[PDB]
Structures are given as structure tokens and as C-alpha cells.
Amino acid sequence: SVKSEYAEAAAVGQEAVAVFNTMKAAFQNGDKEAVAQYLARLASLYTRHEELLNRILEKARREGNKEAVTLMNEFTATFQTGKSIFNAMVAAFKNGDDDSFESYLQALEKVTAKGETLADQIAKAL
């Protein structure tokens, strides 16, 4: 169902969460070789999450589930904020700009934490 597909999507989100927090530790430790690898891993995860989310939204639309569509339209808009900040973080790492990397990192955390109440509301709406 769309609901199982959302639980599948949620798990990918939590995996990216887990990797993100291991990457932060590595960055703080200066282990750039680890950071580079975790940034690759997070890119692949977010790319997969984004695609699963699109499929869920399209299915909610085909189902006529107006409330779930409203919530998913907002949730995906927030996701794209995250993706933009993530991409800026990756560029800061490429550039050696640790000040920008720290900034982007904390912003990506706050953006993600905010969007959590909506993430749970979608689960209940589908």
C-alpha cells in the first residue's frame, strides 16, 4: 500500500539521519576521508528518498486523498530546502570552507527537526 511505501520511505530517511550524525562526528574530528564517503552515501540516500516521496505523492493524487496530497506537497517543499542546504554543504566541503560547512550542517539539522511533526502527520493521513 501507499502506507507501507511510506514506512519504507521513512526508514530511508532514518538511515540518512544515522549517516548524517556519523558524518558530523567525523567532520568535527577532521577525518575528511570519512566525511567524503559519508557525503557520497547521503547523496545516494537523499536521491532515493526524494524519488520514493515523489511516488507516494503521485499515488496519493491518483487516489484522490486530498489531505495526504496537501501534506505531501508541503513536506516535499521542505525536503527540497534540505536538499539545497545539503548540496551547499557538499560544495563547502569541496571548497575547504569549514565555516560554511558548519553553518550548513546546523541549518540542515534544524530544517530536518522542524519537518518531523509533518512527517508523522503524513503517516497518519495516507
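In this text, residue numbers run from 1 along the sequence as written. Between two forms, the rigid core is defined as the largest C-alpha subset superposing within 1.5 Å.
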{"query": "Greater Cα displacement in 9 other deposited structures of this protein once the core is superposed, comparing 19-27 with 110-118", "finding": "110-118"}
{"query": "Which of 103-111 and 12-20 has higher mean CA B factor, as the PDB entry lists it", "finding": "103-111"}
{"query": "Highest recorded Cα temperature factor - choice among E74, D97, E51, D31", "finding": "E51"}
{"query": "B-factor third for the C-alpha atom of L45 within its chain", "finding": "lowest"}
{"query": "Modelled-residue ranking by C-alpha temperature factor, third containing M89", "finding": "middle"}
{"query": "Entry-reported Cα temperature factor of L39, expressed as the chain third it lands in", "finding": "middle"}
{"query": "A26 CA temperature factor, ranked by third within the chain", "finding": "highest"}
